[PDB]
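Keeping their order, the protein sequence lines are chains A and B.
Reminder that position 71 of the first sequence reads as 71 in the entry's author numbering, one-by-one numbering, no gaps.
Start counting at 1 in the second sequence, then tack on 119, and there's your number in the entry's author numbering.
Built from N, CA and C at the ideal position, the CB exists for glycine as well.
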Amino acid sequence: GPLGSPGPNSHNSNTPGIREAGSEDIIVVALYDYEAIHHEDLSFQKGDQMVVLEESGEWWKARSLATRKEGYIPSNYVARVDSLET
Amino acid sequence: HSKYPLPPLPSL
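This is the structure in structure tokens:
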């Protein structure tokens, strides 16, 4: 009788830590202390920095750079770091 | 999210 020995050849695909690009991080400093006045809102302090991710209109969804939290924050209560003067 | 006409600006 004949004979045969099995043995497949597993494979896979995936790229490593390919170079990065396309940055984006709107940093805004709280112009005034905020403790989530209304629902759906993040709480911060006057001088706290947040990473604005989404900016629908006024309130933007930034992540507190203190607790790495995530929630909507008032723009009228923040000021882009690159929007500071003297 | 634009739901409220921004919060009431404080003093300092």
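Beta-carbon gap between residue i and residue j smaller than 8 angstroms
i, j, result
"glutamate 55 of chain A", "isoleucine 73 of chain A", "no"
Residue i - DSSP class collapsed to helix/strand/coil
i, result
"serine 83 of chain A", "helix"
"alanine 62 of chain A", "strand"
"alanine 30 of chain A", "strand"
"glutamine 49 of chain A", "strand"
"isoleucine 73 of chain A", "strand"
"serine 43 of chain A", "strand"
"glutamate 35 of chain A", "strand"
For residue j and residue i, believed in contact at Cβ under 8 angstroms, the rounded distance
i, j, result
"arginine 63 of chain A", "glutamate 70 of chain A", "5 angstroms"
"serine 130 of chain B", "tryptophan 59 of chain A", "21 angstroms between Cβ atoms; not a contact."
*At least three beta-carbon pairs within less than 8 angstroms, the segment 29 to 37 of chain A to the segment 45 to 52 of chain A*: The segment 29 to 37 of chain A and the segment 45 to 52 of chain A touch, with no fewer than 3 CB-CB distances between them shorter than 8 angstroms.
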